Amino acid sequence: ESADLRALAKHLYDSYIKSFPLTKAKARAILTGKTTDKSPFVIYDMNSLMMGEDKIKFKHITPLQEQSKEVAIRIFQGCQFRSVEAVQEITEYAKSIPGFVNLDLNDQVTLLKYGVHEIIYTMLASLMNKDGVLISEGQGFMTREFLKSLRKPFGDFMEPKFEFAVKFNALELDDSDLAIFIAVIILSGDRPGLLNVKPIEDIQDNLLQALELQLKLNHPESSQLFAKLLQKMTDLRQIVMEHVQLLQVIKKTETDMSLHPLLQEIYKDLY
């Protein structure tokens, strides 16, 4: 019973640590200053983005600053670059969820396809405070105000993620809780087009029991925290769907802003 659920929780946490370089613990230490590392470079405008380019991981044909003469598109390109790597991290993590790699490979694909952005948005909250988001493994802090100032639809992308994060961060989960929660998101048996749902739901039932136990043990003073966290899963879907519509605006109105093929594959026929 609960014996293996504690082992599962620990296995997931260890895998999470292996898969995600910038944990919530590291990010909070940076965001609160409880680190001996130098303060992240604060990107709050065109000029600061130009000077902080060296802190935004970006490997391309030319430097980030030369991607466009326009700030919004530089941000778009750097964020796309990060998302591709985020997807790869989440995929590695997923493969460590017990049972996951034994599922139909086409179902593994489907679970990843519909789960990765929900997980990205969940984990982005770990990197956020009310005023901005850590970027490039905490190498840069991009202000919420700056992101909101970008011309439409560029300035509409991050604000719903900040609004989600402020409420989600109020739950005060830590990495050990998050490791099980994002496993629960991945193992969702109601993703469209799943070929064989029972094995997925069976895994998710175990993950849900380990999450509930983990939350009770780790947050004894937070009654119904499980119930509160479960109610956020549905918010993530709305964020994804709203993000899709914004990407659709980019696609219908901007030239030369095709997505990385991995993102195109994820988004193709999404919902």
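Sequential numbering from 1, following the sequence displayed.
Remark: stretch with higher mean C-alpha B factor among 53-61 and 241-249 is 53-61. Here the stretch with the larger average CA B-factor, out of 106-114 and 67-75, is 67-75. Across 207, 46, 215, 236, the entry's maximum B-factor at the CA atom is seen for 46. Per-chain ranking of the deposited C-alpha B factor places residue 230 in the middle third. Per the deposited record, the Cα B-factor of residue 84 falls in the lowest third when ranked against the other modelled residues of its chain. Among the modelled residues of its chain, residue 148 has a C-alpha B-factor that falls in the middle third, as given in the PDB entry. In this PDB entry, the Cα temperature factor of residue 196 sits in the top third of its chain's modelled residues, the highest group.
Sort the modelled residues of the chain by CA B factor and residue 270 lands in the highest third.
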